[PDB]
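Alright, two takes on the same chain below, each alone as structure tokens: structure 1 and structure 2.
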Structure 1
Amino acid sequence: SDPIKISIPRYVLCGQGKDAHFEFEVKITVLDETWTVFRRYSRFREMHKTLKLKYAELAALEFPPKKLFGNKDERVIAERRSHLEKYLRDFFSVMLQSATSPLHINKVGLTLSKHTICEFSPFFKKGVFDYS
């Protein structure tokens, strides 16, 4: 009844020195299949810019800006985690509603599986550190 579930349960520190940055643990579930990808903010933002020019309705979504107080402060990172989570959830909400989308709700007896999502955007494909 609710075909695509997503959460961001935690964020992890990657890299060493000043090249160290945060990635977000994205847990995705479609039907009864779950997998997890690690994605930094930049990758979310590029995903949004890329997909917005292909599906105009996404422009009604507010993407979270990166915040000028303290990239060093984990409280900032935690707020960002919450916001990215809400964003992904709304992203799929819109993509389930929009008729010209490959994700649209009319495929939910048919062709919507891990595969539809993974192909829909390289953002959701299992790459290196990602896992199922």
Structure 2
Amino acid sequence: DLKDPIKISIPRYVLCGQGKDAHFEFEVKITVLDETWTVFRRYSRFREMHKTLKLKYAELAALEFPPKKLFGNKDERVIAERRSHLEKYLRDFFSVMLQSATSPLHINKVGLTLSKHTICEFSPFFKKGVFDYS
């Protein structure tokens, strides 16, 4: 309960945009303790998060971010595998950030408060934009 405070899943993906602005976005469902919310994020956004946070926190050097091949990303099977790898990435991301003692989210940091608020402050990837919902 308090030892597993952040849960995360990507139950589905959705095709957004029309023409060949058309791209997949992943439905990220996140629960921190009591609070649950959902954001839609394209692969680009996950990668930008990883890059940004990997230089701020060293414990994230051990994390391997899933690559994207140049061709073949219109195949739904590729996208489905991506959903899985991105969900595993997010789950490893939180494992590291909660268990690394050097981390601002270390479960045992004194006075650590954990909420949607502190998570959204920690990374704006998780901040709700226009299609996102609680």
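Definition used throughout: the rigid core is the maximal C-alpha set that superposes within 1.5 Å between two forms. For residue numbers, the reference is structure 1: its sequence is counted from 1. Shifts are known only where both forms have a C-alpha.
Once you line up the core between the two structures, the CA of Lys67 is the only one from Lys67, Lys49, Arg75, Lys54 that shifts by 2 Å or more. Once both forms are overlaid on the rigid core, the distance between the two CA positions of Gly17 between the two structures is under 2 angstroms. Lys86 shows a C-alpha shift below 2 Å between the two structures [criterion: core-superposed Cα displacement of 2 Å]. Residue displacement note: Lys107 has its CA displaced by at least 2 Å between the two structures (rigid core superposed). When the rigid core is fitted, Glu33 shows a C-alpha shift of 1.2 Å between the two structures. When the rigid core is fitted, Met95 shows a C-alpha shift of 0.4 Å between the two structures. After superposition on the rigid core, stretches of three or more consecutive residues whose Cα atoms move by at least 2 Å between the two structures are found at 67-69, 99-102, 107-110.
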